[PDB]
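Presented below, as structure tokens, is a lone chain in the form deposited in one PDB entry.
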């Protein structure tokens, strides 16, 4: 048919990549300065850990209903839901700046968590709907890098924005209010932009395949049947477990970074945020490089196993170098660990998608993300308890053992797939 490329696609790609980014920020704003919020609200570190774990807890039950809603009602409703929920959560947080109003900020974080469910799976759908065959992969990569950059900014900003001033509660409240109001204003602007500009689909089909998909009549899809068939697929299950372990380890490290660093270095919250930013940026660079390598070679199993082993080595090095009382070595080890660990996620995701070619990409993506969230919750809880009881090294060694198990599982996966 007659297919054309619409300029609005770029706007559609930009606005999403922005508000998704904001969501990622709101995920890690509390954790990076978790000590400050713990002092302000008079709560335990477990409360701040739950502020991060609410995202993971909310994603798992709502992912598949969200997928059904996206399929039935289109892209515009999902985008509006995500942006509006993020803005509402930010506004709720804005009113939670008091020593006795932790539940209000928890409600706001829950709103942002529910928003996330409408955002994570949107990249591929937007790229297919609005971009031609050559630009689909680049658009999806940019969309995911948006969330990764949001996590990096969530690492970097809060430490600078909110200094640790427990002596002066009023100054702490003022700084927290400034951060919350800035985030809420950005979220409101992004929601307004999404409402004004975001559209269901371009007037022409971006690609011949998308044109055929539009022409093809809708077909009922049974998510339960697809999930059952996927679970019958043993290599897919193994890859799911390994990817979940890796992503949960990343989530736990991100959430507990402040607790680990503050144990050995005092008054280094800004440097903790910088270390998190270095981890995320090295992860993005490694993701790009590993994507190029896999596209050039297409060796799913070999590259996956090698990257898993290197990530385990980096995690062990970080574990046994954290307490050296030198922050530069912490920077370097965090950079290497982020490189290898985060560069793995796209590789494993593509391997899982290819392994389950007959099955829909949406179901496999949702299962992978749900496994990641579950492993993140488990690792966060266990590692936080271990760090509190015995010290960061215990939880780090626990993560090392889980990464070793993940390597063993990855090696077990049997597939000649390219």
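Positions refer to the first chain, counted from 1. Here, rigid core means the biggest group of C-alpha atoms that superpose within 1.5 Å across both forms.
We do not show the form deposited in another entry, though everything after this point is about it.
Just a single entry of 223, 102, 264, 293 exceeds or equals a 2 Å CA shift between this form and the one not shown, which is 293 (rigid core superposed). In the other entry, the Cα atoms of residue 122 and residue 217 sit 3 Å or more nearer to each other than they do here. Here's the thing about residue 295 and residue 145: their CA atoms end up at least 3 Å farther apart in the other entry than they are in this form.
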